[PDB]
Amino acid sequence: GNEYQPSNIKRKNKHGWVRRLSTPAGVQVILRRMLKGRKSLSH
Amino acid sequence: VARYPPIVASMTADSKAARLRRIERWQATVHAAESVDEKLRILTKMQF
Amino acid sequence: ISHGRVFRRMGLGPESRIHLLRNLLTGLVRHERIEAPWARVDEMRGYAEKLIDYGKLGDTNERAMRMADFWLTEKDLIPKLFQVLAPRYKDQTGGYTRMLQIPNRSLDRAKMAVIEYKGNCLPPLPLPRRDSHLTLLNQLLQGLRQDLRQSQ
Amino acid sequence: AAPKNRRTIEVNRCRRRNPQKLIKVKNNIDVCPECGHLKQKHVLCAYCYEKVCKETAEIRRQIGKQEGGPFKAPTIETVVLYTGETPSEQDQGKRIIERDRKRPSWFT
RNA sequence: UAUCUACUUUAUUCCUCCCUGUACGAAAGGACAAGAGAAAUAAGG
RNA sequence: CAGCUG
RNA sequence: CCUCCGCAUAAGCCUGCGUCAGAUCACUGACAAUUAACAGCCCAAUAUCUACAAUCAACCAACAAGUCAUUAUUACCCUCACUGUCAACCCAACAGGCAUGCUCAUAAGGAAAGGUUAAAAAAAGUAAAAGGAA
Ligand SMILES: [Mg+2]
Ligand SMILES: [Mg+2]
Ligand SMILES: [Mg+2]
Ligand SMILES: [Mg+2]
Ligand SMILES: [Mg+2]
Ligand SMILES: [Mg+2]
Ligand SMILES: [Mg+2]
Ligand SMILES: [Zn+2]
């Protein structure tokens, strides 16, 4: 089950705040996390 | 006439006297190394 | 089926049982008294008395010095085996060690034993004494011995 | 296989309380005459053996101080001496381990 | 990975030989039984 | 085929 | 007695066997630590230059055709900041995996046995008469 093979470049480039804001869909991802009330909106 | 073995530590035990004896067998390889490239190859190879 | 199998199988092989026993025998030549678990002690007791019988064969004997060289892992004890232990027991022919039981080990509850070499400088063990000759039964039997001596 | 039914506490109590599983009342147990703490026959007294063990511990410490370093087994027999005891005529040519307490009643 | 039931020390045969190449048959043929053997299996050591 | 091997 | 392991860097992890104290096969609280030279973090424009692999490179040998470069003018004077530095560590599993440099049996790292007995059955290893795939 070693599917997760970590690096921080792939993690921030995949799921960070800047990639989330880069598209309208990702902005809606942030907005759903902000509305659920989450502590981490992103990586 | 009594052939007592020498009172030394052992070469293979997990003690602290035995380690010093292993240090002496390494150094004994340096003393018996002929050319200076051989001696300097022994004195520098273990990179710590 | 183990009829007439005389050796405990120990350690993790035959070689390893001989190295366990060799460490116990080395401990007992050095310190002259050992606590160790019981089965290990009586196995090693057999080896210990034989080792003195090789110590009495003289320092100058080659075979004795080979056996002492194997069996004593610390080499300073080989002068001790040929100048302290073997001169000590030069009179008696057997019975160099005594073995008793300790209470069981606190850790894993193993049957424990002490062997010492007889006649060592260490404080003596609380040896199990026979009952006194002046007790009731021993005086009745002493009287009976006096009567059967009076038959002659 | 796996159990077909669940065993009941009546069956279980009959299993784990029959005398093959109970602790046997043992009767080896005596009183050590020297110390009065109860010992077992065929086994040394725990208390008196603890006495002897502690005194061999001090004696072996002073053996270690007089030897100094490993591989110093003497070729000489040893004698333990306590405070205010001359080495005997028999104790000559034996290394001497002086102690700081009195000679015990049981060491001799 | 065994819970329950049940359970866990109830002498044959072949070949040879003899009797006998007799009995029986009338010639061909040809016994049994019992005995000795040698084997083999099974059972118990 | 010959060889070896519980 | 083992050592097919080690020691470093990388990636990862983020205080995870430092000291003091305490509760708990036999973690909690307090305090303290990793000091830059190694490594990250670079670059003034505008033009204009960059045909001839590497391979002990010498020839020889080739094809699949290759990993490395400036000049012209203009501007330019202050200087050593910031960050990483610990550990017995990671991804899994409730076996395995892991880049690179050195050491190639070790100067480094470790322990297969809680105690006993020595039944069956099972696993693995060794030995086996005669025979030799029956
Ligand atoms: Mg530098
Ligand atoms: Mg470091
Ligand atoms: Mg080591
Ligand atoms: Mg075992
Ligand atoms: Mg076990
Ligand atoms: Mg099998
Ligand atoms: Mg064979
Ligand atoms: Zn007592």
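Only heavy atoms go into these numbers, but all of them, side chains included; no hydrogens, no water, no symmetry mates. Sequence lines set the chain letters: A, B, ... in the order given, protein chains first and strands last, and positions in each chain run from 1.
- Pairing check for G:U100 against G:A8: the Watson-Crick or wobble criterion is satisfied, both distances under 3.5 Å.
- Shown here, G:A81 forms no base pair; nothing in the strands shown gives a Watson-Crick or G-U wobble contact with both key distances under 3.5 Å.
- For the pair B:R41 and G:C104, the criterion of a side-chain N or O lying under 4.0 Å from OP1 or OP2 is met.
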Exercise. Going through the checks in order, is the side chain to side chain contact (heavy atoms under 4.5 Å, CB included) test met by C:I115 and C:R33?
Worked result: CA-CA 6 Å; C:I115 41 167; C:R33 181 188 291 171; over 6 Å; no
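- Contact check, D:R7 against E:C4: a side-chain N or O comes under 4.0 Å of OP1 or OP2.
- With a 6.0 Å radius and a threshold of 12 heavy atoms from other residues, nucleotides or ligands, D:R101 has its CZ atom above the threshold.
- When distances run from any side-chain atom of A:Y4 to the nucleotides G:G115, G:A92, E:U3, the shortest one goes to G:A92.
- Of the possible donor and acceptor atoms, one in the side chain of C:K75 sits under 3.5 Å from a partner among the backbone N and O of C:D69.
- Look at B:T12 and you'll find a side-chain N or O under 4.0 angstrom from OP1 or OP2 of G:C1.
- Cation-pi geometry between C:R63 and C:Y54 is not met: the NZ or CZ atom fails to fall both under 6.0 Å from the ring centre and inside 45° of the normal.
- The base of G:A107 lies outside donor-acceptor range of the side chain of B:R22, with no N or O pair under 3.5 Å.
- Atom CG of C:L24 is separated from atom P of G:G115 by 12 Å (rounded to the nearest Å).
- Across all strands shown, E:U13 is found opposite E:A39 as a Watson-Crick or G-U wobble partner, with both distances under 3.5 Å.
- Per the geometry, CG belonging to B:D14 stands 10 Å off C1' belonging to G:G109, to the nearest Å.
- As a whole-Å value, the separation of C:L20 CG from G:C1 P is 11 Å.
- Using a 4.0 Å heavy-atom criterion, one finds that C:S16 contacts no nucleic acid atom at all.
- Residue D:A1 is classed as a base contact, given a heavy-atom separation below 4.0 Å to a base.
- Pairing of G:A123, defined by two Watson-Crick or G-U wobble distances under 3.5 Å, is not identified with any nucleotide.
- Contacts from A:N2 map to the minor groove: a side-chain heavy atom sits under 5.0 Å from a minor-groove N or O of a paired base.
- The distance from atom CG of D:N5 to atom P of E:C4 is 11 Å, rounded to the nearest whole Å.
- Note on B:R19: only backbone sugar-phosphate atoms sit closer than 4.0 angstrom, heavy atoms only; bases stay farther off.
- Using a 4.0 Å heavy-atom criterion, one finds that C:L107 contacts no nucleic acid atom at all.
- Residue B:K45 places none of its side-chain N or O atoms closer than 4.0 Å to OP1 or OP2 of G:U106.
- Atoms CD (B:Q47) and P (G:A108) sit 16 Å apart, rounded to a whole Å.
- Distances shorter than 4.0 Å separate some side-chain N or O of C:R40 from OP1 or OP2 on G:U116.
- A 3.5 Å limit on both hydrogen-bonding distances identifies no Watson-Crick or G-U partner for G:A108.
- Residue C:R8 places none of its side-chain N or O atoms closer than 4.0 Å to OP1 or OP2 of G:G115.
- B:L20 comes within contact range of no nucleotide atom at all, as no heavy-atom separation falls under 4.0 Å.
- Residue B:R25 places at least one side-chain N or O under 4.0 Å from the OP1 or OP2 atom of G:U106.
- Distance D:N12 CG to E:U3 P: 12 Å, rounded to the nearest Å.
- In terms of the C1'-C2'-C3'-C4' torsion, G:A57 has a south-puckered sugar. The angle is below zero.
- Spacing between atom NZ of C:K111 and atom P of G:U116 amounts to 11 Å, rounded to whole angstrom units.
- The nearest whole Å value for the distance from the CD atom in C:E15 to the P atom in G:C1 is 7 Å.
- Within the shown strands, G:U46 is the pairing partner of G:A72 under the Watson-Crick or G-U definition, both distances less than 3.5 Å.
- Taken together, G:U9 and G:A99 meet the test for a Watson-Crick or G-U wobble pair: both N-N or N-O distances fall under 3.5 Å.
- No Watson-Crick or G-U wobble pair joins G:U117 and G:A11 with the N1-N3 or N1-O2 distance and the second distance both under 3.5 Å.
- Checking G:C20 for Watson-Crick or G-U wobble geometry (two distances, each under 3.5 Å) identifies G:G29 as its partner.
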